[PDB]
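The data below hold one chain only, encoded as structure tokens and taken in the form deposited in one PDB entry.
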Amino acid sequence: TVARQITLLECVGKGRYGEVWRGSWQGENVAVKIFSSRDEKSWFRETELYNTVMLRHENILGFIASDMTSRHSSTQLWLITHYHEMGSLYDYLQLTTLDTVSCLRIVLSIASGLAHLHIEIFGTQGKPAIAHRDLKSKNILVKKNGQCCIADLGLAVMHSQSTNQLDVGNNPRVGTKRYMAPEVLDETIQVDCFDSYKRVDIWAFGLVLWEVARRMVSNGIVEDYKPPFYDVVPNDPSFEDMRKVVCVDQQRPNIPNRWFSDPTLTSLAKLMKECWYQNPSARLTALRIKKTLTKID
């Protein structure tokens, strides 16, 4: 169903993943992702997660439907979700700066969505723990109320007390290299250990925090948008570029001096560094981050 009722109006994204369209379903905007063949298995994993898990949370992208539809003499794989007209956090941050409240609301809402993903709730009305594995600004959408929701669950891995085996391939280097945690890049991560995947999300969250904080204005000062590690790796960095910086040199994004003139950015700088520990077990939990951000307000 639904695929029939949907008219595609304008393509708002196109890449190796496929395309994302603004469509109309009974006159209502929906986001339609048409997967590339390359990413067909992500469509299935994401579809099955959303269809089997009650994953309704204000800070997780709202699923509507999935469909298989043959159109251009070939089958199309569609994922249909709520449409967030503001688009991705990545693109939003390049258009505007943030005051203190808008910055906190963004980062807290991401922490809230990530904590909800991570938490296992027993039973019906509950949910397995979920690790995202590709958290970054391009996979986060901004809402008009200034909160964000986390998107793109095609690499996510789930865990509950039902089974010890995880639906993860043998290759741990699945995400976006620029955001890959050190234990992924050097491939020492314990693929058997679900908690290890949560900690990889926390590392990436720290990087997103840094990206956002750079755009918060303090005393008329603000940084331009940059991706993590812009100053030391080329675009489309290689595994080796990333490993030398992050694993061998053990470098991190630098904190602009101006942040320490503002107590919010001072607090956030402290927080992102607690997300970036080389040792995964020292990193704050998602819920700890959320509780901390609830108080920094």
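So that the term is clear: the rigid core is the largest set of C-alpha atoms that superpose within 1.5 Å between two forms. Residues that one form lacks are left out of the comparison. Numbers for residues come from their place in the sequence shown, where the first is 1.
Below, we refer to the form deposited in another entry, which is not included among the displayed structures.
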query	finding
Single mover in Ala129, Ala115, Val168, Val222, with Cα shift of 2 Å or more between the shown form and the other one when the core is superposed	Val168
Comparison of CA distance in that other deposited form with shown form for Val245, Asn171, at least 3 Å	farther
Closer or farther: C-alpha pair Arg173/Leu155 in that other deposited form, relative to this form, given a change of 3 Å or more	closer
Regions of at least 3 residues displaced between the shown form and the other one by 2 angstroms or more (CA, core superposed)	161 to 173
